[PDB]
């Protein structure tokens, strides 16, 4: 428009708009050397005339301590001048000051008054603030319906936080009936904007086919975008996609790197998967006991029951007497959380008196818990517990039933052989009873096998009436 000298002439003539603009020339330092003293002087001259935008600007300068000592209380006074005259940005900032108790005592109801005025003028930050207020019940009574309405207005204008909130609410059924498809649409808007959490959530939805068609390639790309921004969950989820070759060839070395990124942030899942790669190895990844133990221990300490079970198992396979005791303590923690492998491992520890005093009655209890969760190895051991009467009264019918369950479950060879051996011990009626019992156990405690069997079983025909 006009240069500095021409602008100066207008400002000195008393034009408030020119005074504010001149202030900004000094503030920004583009056409003239940055000079906060001169910037403030001209900002103040414009505000002297009650020029609303300049009053708002002094609010910013006092709020931020730019060219003046930071002073929230004074910022509030300036914002209120401009807010009372309807300037949306001043209303929003004043609302924030009240919400935070910056320069004024916290007043959540008052914050909502100001957010509402800014929101009614269509500012997306105000609309978001109203959404958050109704979502939190902060200065207003909680109302997820109202929250959704305000978030929608903000999200339509590109407000990313509001997109994520809508994604969340539609996923959880807050103020609206759960709809995974609509949830995914909102998270997609977020993800396309470059948002780490929108990418994370949409990736997870493509992984499991929630609200969208299952698609590991889309999942990989979205997890990658979120992981590159540092998200520890996205990092291990991407790692798993890569290790398992779900969207490409298996890439175990690349998986390792992503698991390590996750693990180093303290993510117990990342720590688990990193440890698991060192535990089991993969193509190009050597087994490493020390690393497996170290990373399982961090994961286990964070309550990961899979890590607890696997750490104990490493110690049981190869460990000192103290390591066996530690293993039992880990199995105990994981068994308490319901991890079937830990219940099984604890059961066997108690049968042997390995790392713990031998206790066959307690062994049978843990073994049954594991067997009921479908672990065929536990079904075999529980069968032998009944066969030999270890912490239970000997019962060949129960033995046969658990062995047949294990055999049918996942073609456990020891189940099959033990069943065949036990059968000779049974009368014809005991065998009938054991077969019925195994049918019950298979349906309840090997349900995947039950379903497979039911779909394949020979069925009888029915004769239709004729003539």
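Residue numbers count along the first chain shown, from 1.
Engineer: Averaged over C-alpha atoms, is the B-factor higher for 229-237 or for 393-401 in this PDB entry?
Structural biologist: Higher mean C-alpha B-factor: 393-401.
Engineer: Can you tell me which stretch has the higher mean Cα B-factor, 117-125 or 79-87?
Structural biologist: Higher mean C-alpha B-factor: 117-125.
Engineer: Sort 59, 50, 415, 29 by C-alpha B-factor from the entry and give me just the highest.
Structural biologist: By C-alpha B-factor in the record, 50 ranks first.
Engineer: From 132, 196, 290, 329, can you pick the one with the highest C-alpha B factor in the entry?
Structural biologist: Answer, based on the entry's C-alpha B-factors: 290.
Engineer: Splitting the chain's C-alpha B-factors into thirds, which one does residue 18 fall into?
Structural biologist: CA B-factor rank for residue 18: highest third.
Engineer: Lowest, middle or highest third: where is residue 422 by C-alpha B factor in its chain?
Structural biologist: It belongs to the lowest third of the chain when residues are ordered by C-alpha B-factor.
Engineer: In terms of the chain's CA B-factor thirds, is residue 54 lowest, middle or highest?
Structural biologist: CA B-factor rank for residue 54: lowest third.
Engineer: What third of its chain, lowest, middle or highest, does the C-alpha temperature factor of residue 438 fall into?
Structural biologist: Residue 438: CA B-factor falls in the middle third of its chain.
Engineer: With respect to C-alpha B-factor, does residue 107 fall in the lowest, middle or highest third of the chain as deposited?
Structural biologist: It belongs to the middle third of the chain when residues are ordered by C-alpha B-factor.
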